[PDB]
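Engineer: Sharing a structure with you now.
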Amino acid sequence: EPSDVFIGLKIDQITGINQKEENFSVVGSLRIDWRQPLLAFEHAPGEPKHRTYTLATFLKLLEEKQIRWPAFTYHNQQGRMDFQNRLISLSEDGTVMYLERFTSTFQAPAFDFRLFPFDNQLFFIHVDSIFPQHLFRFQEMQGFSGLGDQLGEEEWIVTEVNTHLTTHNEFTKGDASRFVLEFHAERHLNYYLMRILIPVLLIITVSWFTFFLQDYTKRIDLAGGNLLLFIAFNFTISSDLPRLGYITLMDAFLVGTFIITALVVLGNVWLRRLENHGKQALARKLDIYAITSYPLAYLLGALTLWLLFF
Amino acid sequence: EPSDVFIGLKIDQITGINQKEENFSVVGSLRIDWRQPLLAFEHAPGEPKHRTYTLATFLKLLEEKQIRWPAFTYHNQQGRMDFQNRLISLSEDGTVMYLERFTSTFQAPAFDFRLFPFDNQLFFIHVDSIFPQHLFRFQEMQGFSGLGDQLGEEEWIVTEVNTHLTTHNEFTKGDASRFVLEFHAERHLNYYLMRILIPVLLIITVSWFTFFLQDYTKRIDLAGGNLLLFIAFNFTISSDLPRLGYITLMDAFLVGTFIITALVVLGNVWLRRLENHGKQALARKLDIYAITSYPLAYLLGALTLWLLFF
Amino acid sequence: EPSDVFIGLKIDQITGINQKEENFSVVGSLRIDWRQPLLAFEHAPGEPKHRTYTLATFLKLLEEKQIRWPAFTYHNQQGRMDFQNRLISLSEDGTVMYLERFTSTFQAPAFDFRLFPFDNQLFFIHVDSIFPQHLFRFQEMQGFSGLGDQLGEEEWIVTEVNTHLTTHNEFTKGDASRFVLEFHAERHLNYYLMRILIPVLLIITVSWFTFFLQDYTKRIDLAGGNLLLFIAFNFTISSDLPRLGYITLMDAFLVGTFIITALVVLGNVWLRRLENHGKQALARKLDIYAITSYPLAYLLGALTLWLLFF
Amino acid sequence: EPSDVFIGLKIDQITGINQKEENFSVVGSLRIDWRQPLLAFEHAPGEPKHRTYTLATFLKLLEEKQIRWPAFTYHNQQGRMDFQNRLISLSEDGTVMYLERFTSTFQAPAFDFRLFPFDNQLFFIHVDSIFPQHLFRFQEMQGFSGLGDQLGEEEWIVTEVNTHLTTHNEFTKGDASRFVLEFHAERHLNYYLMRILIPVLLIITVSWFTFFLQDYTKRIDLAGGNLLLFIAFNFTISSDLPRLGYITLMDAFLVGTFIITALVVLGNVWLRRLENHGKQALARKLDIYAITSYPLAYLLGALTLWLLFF
Amino acid sequence: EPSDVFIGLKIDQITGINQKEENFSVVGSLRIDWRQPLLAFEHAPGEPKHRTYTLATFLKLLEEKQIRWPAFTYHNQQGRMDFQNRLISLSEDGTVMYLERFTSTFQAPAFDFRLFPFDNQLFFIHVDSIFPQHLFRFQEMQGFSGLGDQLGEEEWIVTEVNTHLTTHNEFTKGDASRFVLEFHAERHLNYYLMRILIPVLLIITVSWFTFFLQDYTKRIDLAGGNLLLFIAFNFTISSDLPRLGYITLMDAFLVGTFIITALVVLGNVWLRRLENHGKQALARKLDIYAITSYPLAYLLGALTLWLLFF
Ligand SMILES: CCCCCCCCCO[C@@H]1O[C@H](CO)[C@@H](O)[C@H](O)[C@H]1O
Ligand SMILES: CCCCCCCCCO[C@@H]1O[C@H](CO)[C@@H](O)[C@H](O)[C@H]1O
Ligand SMILES: CCCCCCCCCO[C@@H]1O[C@H](CO)[C@@H](O)[C@H](O)[C@H]1O
Ligand SMILES: CCCCCCCCCO[C@@H]1O[C@H](CO)[C@@H](O)[C@H](O)[C@H]1O
Ligand SMILES: CCCCCCCCCO[C@@H]1O[C@H](CO)[C@@H](O)[C@H](O)[C@H]1O
Ligand SMILES: [Cs+]
Ligand SMILES: [Cs+]
Ligand SMILES: [Cs+]
Ligand SMILES: [Cs+]
Ligand SMILES: [Cs+]
Ligand SMILES: [Cs+]
Ligand SMILES: [Cs+]
Ligand SMILES: [Cs+]
Ligand SMILES: [Cs+]
Ligand SMILES: [Cs+]
Ligand SMILES: [Cs+]
């Protein structure tokens with residue numbers, strides 16, 4: 001018959017979310033409650049009713065007593081799991097109380113940058129039983145699982161936390177227990193507003209101010225240099241994310257500014273070609289279209305992405 | 001009844017404060033004094049009154065003697081704690097004298113960048129008893145706790161150090177002991193004065209010198225390029241800090257220079273529009289306002305932030 | 001006679017492919033099935049038919065019983081192999097069932113950047129028997145080997161996976177068993193299209209728009225600055241790859257743009273030399289060749305590489 | 001009575017000096033000679049007079065024999081000390097001969113950048129006895145201590161090495177032994193001459209050549225851009241050092257170039273203001289002062305720092 | 001009498017050569033054959049003639065039998081040596097067969113950048129006996145030592161490999177054995193040709209094309225900006241190497257381009273001073289010298305370094 005293994009997982013800290021490598025790092029405490037009647041013991045008066053063991057000697061005790069422990073794996077773990085505490089408290093009953101304090105990076109494969117920077121992501125930790133459900137069954141340890149209140153993450157803001165149990169078939173033919181700690185987090189846009197939106201909007205607006213100078217050559221030089229600035233911002237954005245196989249809302253936004261700037265060069269080349277061909281009065285009358293086109297093109301572009309993505 | 005566990009924590013070095021990840025790194029010595037009568041021993045003349053043990057065999061001795069040690073955790077620890085020394089000296093009495101020399105990173109969740117770079121921060125180390133206050137009670141080991149005098153930190157300057165004891169309820173129903181080593185540190189502004197204030201002030205002042213040339217086109221080209229420089233400084237600042245969800249005094253300072261520079265372009269576009277419309281004498285009379293506006297705008301801006309943040 | 005050792009290797013995650021260092025990193029599970037009759041045991045009613053061991057005590061048991069285990073090496077491994085699980089399940093029969101969960105970097109020496117970014121690469125993991133084929137023979141553990149479905153790699157896309165067995169002669173005179181897990185992966189071009197093709201094409205096209213201004217000096221200044229931009233892109237590409245001893249399709253592409261831009265400067269220097277020597281009407285008639293040359297040169301260049309590499 | 005512990009420390013390599021973090025890294029061999037009569041032994045003919053032990057079993061032997069070993073700490077150590085060798089050779093006499101080969105980072109708190117890059121620094125390694133001078137006294141192991149001849153450091157050049165003994169009161173009431181290995185090193189200026197002095201001097205000299213063109217507008221544009229170059233060099237320098245609370249000779253040097261460049265803009269604005277107000281012949285006569293001012297200002301500045309710092 | 005210790009070292013991979021830190025990283029296999037008659041054993045029919053041990057228990061066996069093992073050190077090792085395999089096979093004879101598979105960084109103190117990038121470097125691994133030549137003598141294990149055929153290094157190309165034995169006096173009075181694995185490697189120049197030579201040559205050639213425009217002011221602006229580009233390339237080169245105390249062929253090359261560019265500004269300032277002083281026909285006749293000087297100066301410079309370094 002299968003023995004109930006009570007899994008509890010609590011994230012104390014989010015040491016960082018690395019979106020370029022699609023992983024996240026946490027400081028967490030794993031808690032297990034497992035009653036093994038075979039491990040029960042007798043005690044003399046004065047002698048303790050609860051025995052405390054370092055994982056090392058407790059496992060040496062299980063091998064001796066020929067007992068199978070609920071061997072588990074953190075399925076989505078990455079690299080080294082640096083441990084702080086691995087402590088066992090065994091009661092007279094045979095109730096094993098295990099605490100595992102660690103720092104570890106976990107894979108974040110649920111990363112969807114399609115709406116970046118206005119994106120909401122799913123982050124999870126998978127705890128899998130190596131032995132199937134006929135031997136061990138994971139149960140939800142009540143009053144422990146979740147996320148702490150001093151996570152130390154500044155960019156991300158956790159919207160909700162969930163815990164559930166499911167099956168997996170990793171090393172076995174039949175179903176094996178899997179404990180899931182899931183959390184959703186959205187982004188603080190302040191960085192993107194201050195470093196990307198405000199600068200890009202300023203470059204466009206203050207470049208439009210110079211249209212009132214009525215110098216087409218000057219506009220051509222300005223739009224040319226503006227295109228270079230946007231190419232630079234394009235590289236600034238690309239450095240934050242992985243080399244995705246799909247277009248970001250941010251990628252569409254930058255390509256958009258490229259197109260408009262390209263056309264601004266094209267248009268003012270045409271107006272300056274009119275001036276050069278003795279048609280200055282004509283280019284000056286058409287100039288109203290060039291001056292009002294610019295804000296409308298960018299405001300039409302903004303409504304195009306907003307429609308194409310929402 | 002509960003046994004008194006004497007906690008002492010001394011920071012020898014500050015290997016660095018990483019404000020982008022909101023953590024700090026120290027080289028520290030943990031000292032514990034704990035009297036366990038069960039560990040007491042008898043000795044023959046000439047035989048030692050004090051037994052010295054490597055933590056490994058001392059824990060093997062506690063498991064044998066069925067004794068529970070005051071299992072503790074550095075609550076705000078991050079990653080690997082690299083150890084130097086883990087040594088035990090056990091007296092005939094049963095007084096355990098423990099020394100733990102380590103290098104480790106600790107979470108700094110108290111980070112408030114709102115007044116950066118004129119900010120004062122709180123840094124702490126939390127030492128928690130896994131077992132509740134009915135079993136073990138932490139006490140302040142006198143004549144040890146604090147910070148050394150060769151911390152090796154150059155940017156930060158520690159203003160004060162504090163030690164106190166409090167309860168926590170991390171793994172238990174009832175209160176459990178927590179030792180706290182806290183320190184406040186303010187920043188050395190020399191870097192920000194030399195690399196950010198002096199350059200930004202120079203760019204603004206020497207750009208104002210060229211107003212005396214009375215070439216509005218030249219001013220437009222200058223203010224346009226100045227805006228780009230400030231956008232570059234904006235990225236230089238952003239690289240030091242996390243992607244915060246709030247505005248910094250520094251962020252307000254840069255946005256301030258953007259606004260003024262934007263208006264400088266706007267104003268000189270207007271003056272040059274007057275010259276282009278045969279109103280050169282008028283633009284030259286108004287030029288006194290443009291020349292005196294510039295220093296007043298920046299000096300009004302400086303007083304605006306200083307009021308808005310202080 | 002030789003004992004059959006059943007090797008199974010499954011990659012759960014691709015934590016990253018580092019093309020600058022020509023290596024890749026995985027989270028993987030190694031599975032071994034090995035029947036050693038000497039390890040067989042007798043059991044009492046109620047006592048388990050399957051004994052579970054930590055690798056540490058299981059090896060201590062093999063040394064005691066004077067049994068030689070199939071000592072193996074991951075031939076192309078690099079750095080530290082961080083382990084998660086090292087668990088043994090021994091049946092009454094003497095069938096050893098081993099599971100090795102790890103995170104590790106592996107050498108990728110098959111890297112051929114000649115057609116980068118349109119390249120397809122081979123990645124493999126080599127599992128070698130230290131002892132020759134007369135002692136141990138590796139066999140393919142059926143229903144396990146391969147790659148998972150949540151690898152978490154965004155740039156690369158795995159085209160096919162293969163498993164085979166071969167000999168090696170690393171530490172022995174005679175042939176020794178080698179298990180191979182191979183996979184082919186091609187690249188997602190979206191990054192290169194968005195950050196390199198679109199910008200380079202835009203710079204060239206919008207620079208051509210200004211030819212319609214009929215200012216040869218302006219073209220010279222433009223082509224000169226364009227050359228600098230391409231030199232900058234050249235450095236952006238070089239940072240992704242190792243310092244190869246061969247030319248990339250990308251390197252040829254950039255050298256191509258250098259040559260055309262160099263000749264654009266040369267041509268427009270000539271046209272401006274005609275204007276300076278009182279031959280303005282002649283330079284204006286020849287200008288049709290200069291304006292139509294530019295798109296033809298770049299379109300001839302594109303067809304040259306495409307032929308030279310395909 | 002106290003037992004003499006013979007300390008010897010030899011640095012084989014300087015893997016690097018990190019001046020931004022004020023630490024240094026070495027590959028070193030620690031050698032200890034300690035006579036403990038209690039550890040002495042008897043031997044049969046043929047049996048060895050010298051017993052060789054792995055630190056692990058030798059410490060297990062000391063715990064058994066209830067002997068206190070001279071527990072020591074590398075006081076200024078940082079992070080992980082990666083060990084190569086930890087070997088004990090025990091003679092029939094009871095003379096313990098210990099060798100500790102390691103790679104480790106050590107705090108460099110003696111860093112004084114005030115005269116950077118012409119600075120001389122002190123680097124040391126502190127070896128402290130955990131037990132006081134009444135139990136163990138450190139003595140200088142002769143014919144071992146110092147620095148090797150293939151340190152592999154290219155920027156720094158070790159001027160002298162010293163070894164001495166002093167007391168410390170880290171964990172004890174009374175004085176405890178401390179072994180000190182100190183070395184002084186000065187910097188190779190070639191990098192600073194080639195990358196900072198020569199470029200800055202060239203920018204200034206070749207900018208002065210253009211004064212002979214007699215175009216005040218051109219000088220204003222040149223000095224403005226030069227100021228930007230110096231701001232860039234300012235950031236190049238700041239990246240090598242920590243965010244110090246004091247001024248560097250280098251910081252003074254850069255601030256100096258800012259001031260002169262600021263005044264160059266101011267002066268040429270004045271000369272161009274004379275030309276604009278029909279005073280061209282006057283500005284041309286004063287131009288001798290502007291042309292001779294520039295070299296004198298920079299040569300007066302160079303003598304100002306040289307006096308202010310030497 | 002001394003016992004022969006057979007050393008064999010084979011490098012499977014070159015994980016990278018870090019020329020900034022003057023070290024290199026390898027994946028290697030160390031092989032030792034050592035006959036210790038004291039370790040010999042008796043066997044019954046059916047019982048094995050060869051005993052297989054994990055280094056841990058084999059060393060525990062040597063301490064028990066009071067046998068001294070040939071304790072060795074990798075003299076030029078750096079940091080952590082991550083081990084894969086540490087396996088012992090002991091024959092009835094007492095022949096110890098040891099295999100050590102590792103990943104490790106090693107000091108490269110032989111680095112001579114004087115002719116960089118046309119340099120050839122020496123890389124080695126030193127294996128030293130802690131015990132002198134009277135106890136243990138290292139011998140060359142034949143048919144093993146060298147370098148593999150899938151080293152995975154792309155920039156460097158190994159020219160030759162050598163193995164030899166020498167003495168050292170590190171911890172001993174008398175000579176102690178040292179095994180040396182040496183290899184010479186030269187560089188693949190393709191990176192330097194594509195990223196440094198071609199761009200620098202293009203900048204110079206296309207800047208010369210503009211001399212045919214006969215605008216001295218334009219040349220001054222061009223040479224000034226070219227100087228800035230070379231200063232940028234100067235920083236690009238400096239980032240690859242340590243802060244050496246000697247001049248590189250590359251450093252001389254960049255300083256060379258600075259000098260010529262400085263003189264180009266000087267010359268064209270003179271020609272433009274002639275034009276400004278009503279001597280346009282004279283400056284135009286001298287212009288032949290200015291136009292032919294430029295290619296000759298650079299071609300004289302190239303022959304100067306080539307003579308000064310070869
Ligand atoms: C930069 C946006 C500011 C708009 C206001 C116009 C003033 C001129 C700004 O400077 C110019 O900006 C161009 C585009 O970035 C560069 O090509 C050029 O070299 C530089 O002189
Ligand atoms: C810029 C701070 C120094 C002000 C002193 C005035 C002299 C000219 C300095 O060069 C200026 O640099 C800007 C940024 O690149 C360009 O936009 C601008 O067109 C260019 O003239
Ligand atoms: C950048 C190509 C955009 C084409 C549109 C034509 C307008 C001018 C763009 O500014 C150009 O930027 C270069 C940057 O290197 C400078 O060298 C060059 O003198 C300058 O004119
Ligand atoms: C620049 C150091 C070399 C001086 C030699 C004189 C020739 C002109 C050099 O080009 C200058 O490049 C700066 C880039 O920042 C611009 O700001 C400035 O307007 C421009 O004139
Ligand atoms: C860059 C070498 C190309 C040679 C062909 C001349 C075309 C103009 C290229 O733009 C130039 O860029 C330099 C660097 O910023 C400036 O100093 C210079 O005044 C500017 O005109
Ligand atoms: Cs963080
Ligand atoms: Cs585990
Ligand atoms: Cs602990
Ligand atoms: Cs210009
Ligand atoms: Cs292994
Ligand atoms: Cs990835
Ligand atoms: Cs520091
Ligand atoms: Cs020590
Ligand atoms: Cs070095
Ligand atoms: Cs060793
Ligand atoms: Cs490599």
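Letters A, B, ... mark the chains of the structure tokens in the order given; residue numbers begin at 1 per chain; ligand numbers begin at 1, in order shown.
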What's around residue 275 in chain B at 12 Å? Count only C-alpha atoms, leave out sequence neighbours fewer than 4 positions away in its own chain, and write the answer as a list in words.

Structural biologist: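 Near residue 275 in chain B, the qualifying residues are residues 213 of chain A; 214, 215, 216, 217, 268, 269, 270, 271, 279, 280, 281, 282, 283, 284, 285, 286 and 287 of chain B.
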
Engineer: Go ahead and dump the residues you just picked, N, CA and C atoms, as a PDB file, in the first residue's frame.

Structural biologist:
```
ATOM      1  N   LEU A 213      11.394  75.200 -39.070  1.00  0.00           N
ATOM      2  CA  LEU A 213      12.533  75.960 -39.585  1.00  0.00           C
ATOM      3  C   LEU A 213      12.437  76.082 -41.105  1.00  0.00           C
TER       4      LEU A 213
ATOM      5  N   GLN B 214      24.862  84.317 -31.004  1.00  0.00           N
ATOM      6  CA  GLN B 214      23.601  84.833 -31.585  1.00  0.00           C
ATOM      7  C   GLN B 214      23.183  84.089 -32.896  1.00  0.00           C
ATOM      8  N   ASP B 215      23.489  82.769 -32.955  1.00  0.00           N
ATOM      9  CA  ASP B 215      23.128  81.892 -34.075  1.00  0.00           C
ATOM     10  C   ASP B 215      22.134  80.861 -33.547  1.00  0.00           C
ATOM     11  N   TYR B 216      20.828  81.093 -33.842  1.00  0.00           N
ATOM     12  CA  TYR B 216      19.710  80.246 -33.396  1.00  0.00           C
ATOM     13  C   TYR B 216      19.786  78.821 -33.955  1.00  0.00           C
ATOM     14  N   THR B 217      20.213  78.667 -35.240  1.00  0.00           N
ATOM     15  CA  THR B 217      20.401  77.370 -35.901  1.00  0.00           C
ATOM     16  C   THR B 217      21.422  76.556 -35.117  1.00  0.00           C
ATOM     17  N   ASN B 268      14.325  78.322 -29.442  1.00  0.00           N
ATOM     18  CA  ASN B 268      15.237  78.734 -30.504  1.00  0.00           C
ATOM     19  C   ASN B 268      14.701  78.432 -31.884  1.00  0.00           C
ATOM     20  N   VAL B 269      13.726  77.493 -31.997  1.00  0.00           N
ATOM     21  CA  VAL B 269      13.052  77.232 -33.270  1.00  0.00           C
ATOM     22  C   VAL B 269      12.191  78.465 -33.532  1.00  0.00           C
ATOM     23  N   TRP B 270      11.512  78.960 -32.477  1.00  0.00           N
ATOM     24  CA  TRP B 270      10.680  80.146 -32.586  1.00  0.00           C
ATOM     25  C   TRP B 270      11.488  81.405 -32.994  1.00  0.00           C
ATOM     26  N   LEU B 271      12.630  81.670 -32.322  1.00  0.00           N
ATOM     27  CA  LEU B 271      13.500  82.806 -32.643  1.00  0.00           C
ATOM     28  C   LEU B 271      14.001  82.760 -34.075  1.00  0.00           C
ATOM     29  N   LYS B 279      11.961  89.282 -39.354  1.00  0.00           N
ATOM     30  CA  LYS B 279      11.807  89.909 -38.048  1.00  0.00           C
ATOM     31  C   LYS B 279      13.084  89.698 -37.188  1.00  0.00           C
ATOM     32  N   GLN B 280      14.280  89.860 -37.820  1.00  0.00           N
ATOM     33  CA  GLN B 280      15.604  89.717 -37.190  1.00  0.00           C
ATOM     34  C   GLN B 280      15.813  90.671 -35.978  1.00  0.00           C
ATOM     35  N   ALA B 281      15.437  91.983 -36.101  1.00  0.00           N
ATOM     36  CA  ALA B 281      15.551  92.985 -35.028  1.00  0.00           C
ATOM     37  C   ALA B 281      14.709  92.598 -33.836  1.00  0.00           C
ATOM     38  N   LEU B 282      13.508  92.032 -34.080  1.00  0.00           N
ATOM     39  CA  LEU B 282      12.605  91.549 -33.034  1.00  0.00           C
ATOM     40  C   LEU B 282      13.213  90.352 -32.299  1.00  0.00           C
ATOM     41  N   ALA B 283      13.668  89.302 -33.040  1.00  0.00           N
ATOM     42  CA  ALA B 283      14.297  88.095 -32.476  1.00  0.00           C
ATOM     43  C   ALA B 283      15.537  88.461 -31.652  1.00  0.00           C
ATOM     44  N   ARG B 284      16.312  89.484 -32.107  1.00  0.00           N
ATOM     45  CA  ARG B 284      17.494  89.994 -31.406  1.00  0.00           C
ATOM     46  C   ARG B 284      17.123  90.711 -30.097  1.00  0.00           C
ATOM     47  N   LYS B 285      15.973  91.428 -30.061  1.00  0.00           N
ATOM     48  CA  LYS B 285      15.497  92.083 -28.836  1.00  0.00           C
ATOM     49  C   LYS B 285      14.985  91.026 -27.856  1.00  0.00           C
ATOM     50  N   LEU B 286      14.285  89.985 -28.361  1.00  0.00           N
ATOM     51  CA  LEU B 286      13.755  88.884 -27.549  1.00  0.00           C
ATOM     52  C   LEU B 286      14.846  87.978 -27.059  1.00  0.00           C
ATOM     53  N   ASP B 287      15.974  87.948 -27.781  1.00  0.00           N
ATOM     54  CA  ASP B 287      17.149  87.140 -27.485  1.00  0.00           C
ATOM     55  C   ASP B 287      17.645  87.305 -26.058  1.00  0.00           C
TER      56      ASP B 287
END
```

Engineer: For chain B, report every residue with an atom at most 8 Å from chain D (counting only C-alpha atoms), formatted as a PyMOL selection string.

Structural biologist: chain B and resi 15-16+27+48+51-54+82-85+102-104+144+150-152+154-155+188-191+194-195+199+202+206+209-210+212-213

Engineer: Select from range 67-243 of chain A everything DSSP, run on the backbone, classes as strand (DSSP E), then give the selection as a PyMOL selection string.

Structural biologist: chain A and resi 72-74+77-91+95-107+120-129+136-140+146-147+156-168+176-187

Engineer: Using only C-alpha atoms, can you tell me which of E:146, E:38, E:87, E:156 comes closest to residue 131 in chain C?

Structural biologist: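 Residue with the minimum atom-to-atom distance to residue 131 in chain C: E:87.
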
Engineer: Residues within 7 Å of residue 184 in chain E, please, as an MDAnalysis selection string. Count only C-alpha atoms; anything in the same chain fewer than 4 positions from it doesn't count.

Structural biologist: chainID E and resid 120:123 158:161

Engineer: Got time to write the residues from that selection, C-alpha atoms, as a CSV table (one decimal), in the first residue's frame?

Structural biologist:
```
chain,number,residue,atom,x,y,z
E,120,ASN,CA,53.7,31.9,-31.1
E,121,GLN,CA,53.2,30.9,-27.4
E,122,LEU,CA,54.3,28.1,-25.1
E,123,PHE,CA,51.8,26.4,-22.9
E,158,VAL,CA,48.9,23.7,-31.9
E,159,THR,CA,52.2,23.5,-33.8
E,160,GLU,CA,54.0,20.7,-31.7
E,161,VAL,CA,53.7,18.8,-28.4
```

Engineer: Calculated over only C-alpha atoms and all ligand atoms, which of the candidates C:37, C:241, C:298, C:308 has the smallest distance to ligand 16?

Structural biologist: C:241

Engineer: Per DSSP on the backbone, what are the helix (DSSP H, G or I) residues of range 16-258 of chain A, as a PyMOL selection string?

Structural biologist: chain A and resi 37-39+55-64+190-213+216-238+249-258

Engineer: Please list as a PyMOL selection string every residue within 10 Å of residue 169 in chain E, counting only C-alpha atoms and excluding residues in the same chain fewer than 4 positions away.

Structural biologist: chain E and resi 128-130+132+173-178

Engineer: Any chance you can output those residues with N, CA and C atoms as a PDB file, in the first residue's frame?

Structural biologist:
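The result, written out as selection01.pdb:
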```pdb
ATOM      1  N   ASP E 128      54.435  17.771 -10.284  1.00  0.00           N
ATOM      2  CA  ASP E 128      55.547  17.691  -9.330  1.00  0.00           C
ATOM      3  C   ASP E 128      55.343  16.678  -8.228  1.00  0.00           C
ATOM      4  N   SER E 129      56.408  15.916  -7.886  1.00  0.00           N
ATOM      5  CA  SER E 129      56.400  14.967  -6.766  1.00  0.00           C
ATOM      6  C   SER E 129      56.685  15.782  -5.502  1.00  0.00           C
ATOM      7  N   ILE E 130      55.821  15.660  -4.482  1.00  0.00           N
ATOM      8  CA  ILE E 130      56.021  16.356  -3.212  1.00  0.00           C
ATOM      9  C   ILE E 130      57.242  15.736  -2.517  1.00  0.00           C
ATOM     10  N   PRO E 132      60.973  13.733  -2.466  1.00  0.00           N
ATOM     11  CA  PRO E 132      62.148  13.812  -3.361  1.00  0.00           C
ATOM     12  C   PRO E 132      62.460  12.558  -4.174  1.00  0.00           C
ATOM     13  N   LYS E 173      64.870  19.935   0.203  1.00  0.00           N
ATOM     14  CA  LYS E 173      66.268  20.341   0.198  1.00  0.00           C
ATOM     15  C   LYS E 173      66.837  19.828  -1.132  1.00  0.00           C
ATOM     16  N   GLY E 174      66.683  18.522  -1.341  1.00  0.00           N
ATOM     17  CA  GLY E 174      67.156  17.807  -2.513  1.00  0.00           C
ATOM     18  C   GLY E 174      66.150  17.778  -3.632  1.00  0.00           C
ATOM     19  N   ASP E 175      66.638  17.442  -4.831  1.00  0.00           N
ATOM     20  CA  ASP E 175      65.863  17.355  -6.061  1.00  0.00           C
ATOM     21  C   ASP E 175      64.653  16.445  -5.941  1.00  0.00           C
ATOM     22  N   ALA E 176      63.549  16.871  -6.548  1.00  0.00           N
ATOM     23  CA  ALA E 176      62.285  16.151  -6.577  1.00  0.00           C
ATOM     24  C   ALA E 176      61.809  16.089  -8.016  1.00  0.00           C
ATOM     25  N   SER E 177      61.179  14.971  -8.392  1.00  0.00           N
ATOM     26  CA  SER E 177      60.707  14.745  -9.751  1.00  0.00           C
ATOM     27  C   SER E 177      59.623  15.731 -10.255  1.00  0.00           C
ATOM     28  N   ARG E 178      59.682  16.094 -11.560  1.00  0.00           N
ATOM     29  CA  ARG E 178      58.724  16.964 -12.258  1.00  0.00           C
ATOM     30  C   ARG E 178      58.494  16.477 -13.695  1.00  0.00           C
TER      31      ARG E 178
END
```
